[PDB]
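Novice: Can you keep this structure in mind? I'll have questions shortly.
Only the coordinates and a few stated rules stand behind these numbers; no lab work does. So basically every Cβ, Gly included, is an ideal-geometry build from the backbone, and we count neighbours across all protein chains shown.
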Amino acid sequence: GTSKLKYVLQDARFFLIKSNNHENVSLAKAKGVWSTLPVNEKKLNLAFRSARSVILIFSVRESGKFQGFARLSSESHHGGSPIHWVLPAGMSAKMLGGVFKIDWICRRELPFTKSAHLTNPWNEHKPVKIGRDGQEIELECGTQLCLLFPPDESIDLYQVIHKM
Ligand SMILES: CNc1nc(Cl)nc2c1ncn2CC(=O)Nc1ccccc1
């Protein structure tokens with residue numbers, strides 16, 4: 001059902017993650033980690049302390065879709081296992097140097113055509129698919145966007161809830 005999902009999404013904050021390639025979203029799904037530019041890293045660290053849940057909604061550029069969404073389970077931490085991100089042009093491993101741990105809530109795709117009815121007040125009420133990496137999505141829009149994804153019945157939200 002959708003009852004545990006709705007409980008996880010209660011009073012969450014939502015951020016749009018735009019990845020340049022599929023490899024890094026694949027790596028993030030396998031290892032439960034994400035990294036972003038320092039300006040977004042600062043915003044996510046602030047948000048993590050302020051809300052019961054911080055939700056990352058992933059979209060690979062040019063794919064026409066979202067590739068799933070995940071919950072921050074920590075602030076960014078430096079050092080540790082060194083993620084072999086595939087770096088876009090102009091990206092260095094230092095720009096992507098802060099590493100967050102994430103718990104996946106849905107690993108399924110959602111095509112942009114299914115979200116055309118949702119607009120984001122925090123981006124001039126443009127459709128929610130439009131936004132730069134790190135764009136915050138307002139509560140109601142973000143909640144409805146997450147509810148549009150196909151259910152991912154491989155994930156048990158019980159352990160996710162046992163972290164909030
Ligand atoms: C693992 N993390 C990421 N992996 C990928 Cl592939 N793209 C990402 C990631 N975090 C943000 N973006 C979008 C982005 O900032 N692109 C970019 C900006 C400026 C110069 C070059 C490329």
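Novice: Take the residues of segment 17-47 that are near the ligand (Cβ under 6 Å from one of its atoms) and of a type in the set (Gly, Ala, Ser): which is farthest from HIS78 (Cα to Cα)?
Specialist: Of everything passing the filter in segment 17-47, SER19 is farthest from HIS78 (Cα to Cα).
Novice: Is one or more of the residues making up segment 13-29 more than 24 Å from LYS126 (Cα to Cα), under 15 Å from the mean Cα position of the chain (by Cα) and of a type in the set (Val, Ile, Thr)?
Specialist: Taking every residue of segment 13-29 in turn, at least one turns out to be more than 24 Å from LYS126 (Cα to Cα), under 15 Å from the mean Cα position of the chain (by Cα) and of a type in the set (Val, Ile, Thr).
Novice: Please go through segment 29-48 and give me each residue that is out of contact with any helix residue (DSSP H, G or I) (no Cβ under 9 Å at 6 or more places or on another chain), more than 13 Å from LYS18 (Cα to Cα) and touching a residue at least 12 places away in the same chain (Cβ under 8 Å), ordered by number.
Specialist: Residues satisfying the conditions are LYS29, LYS31, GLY32, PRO38, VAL39, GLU41, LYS43, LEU44, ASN45, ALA47, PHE48.
Novice: Restricting attention to segment 73-83, which residues are among the hydrophobic types (A, V, I, L, M, F, W, C) and either part of a helix (DSSP H, G or I) or free of Cβ contacts under 8 Å to residues at least 12 places away in the same chain (or both)?
Specialist: none
Novice: Between a first residue in segment 85-111 that is closer than 28 Å to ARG49 by Cα and a second residue that is aliphatic (A, V, I, L, M) and surrounded by fewer than 16 Cβ atoms within 10 Å (Cβ to Cβ), which pairs have beta carbons less than 6 Å apart while being 6 or more apart in sequence or on different chains?
Specialist: So the pair list comes out as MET95/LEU37.
Novice: Okay, next question. Taking only segment 84-118 into account, find how many residues are within 16 Å of the ligand (Cβ to nearest atom) and either part of a loop (DSSP other than H, G, I, E, B) or of a type in the set (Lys, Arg) (or both).
Specialist: Number satisfying all stated conditions: 16.
Novice: Right, another one. If a residue must be under 16 Å from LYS114 (Cβ atoms) and surrounded by fewer than 16 Cβ atoms within 10 Å (Cβ to Cβ), how many such residues does segment 64-81 contain?
Specialist: 1
Novice: To continue, here is another question. Kindly establish whether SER81 is among the small types (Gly, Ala, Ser) and away from the ligand (no atom under 15 Å from the Cβ).
Specialist: no
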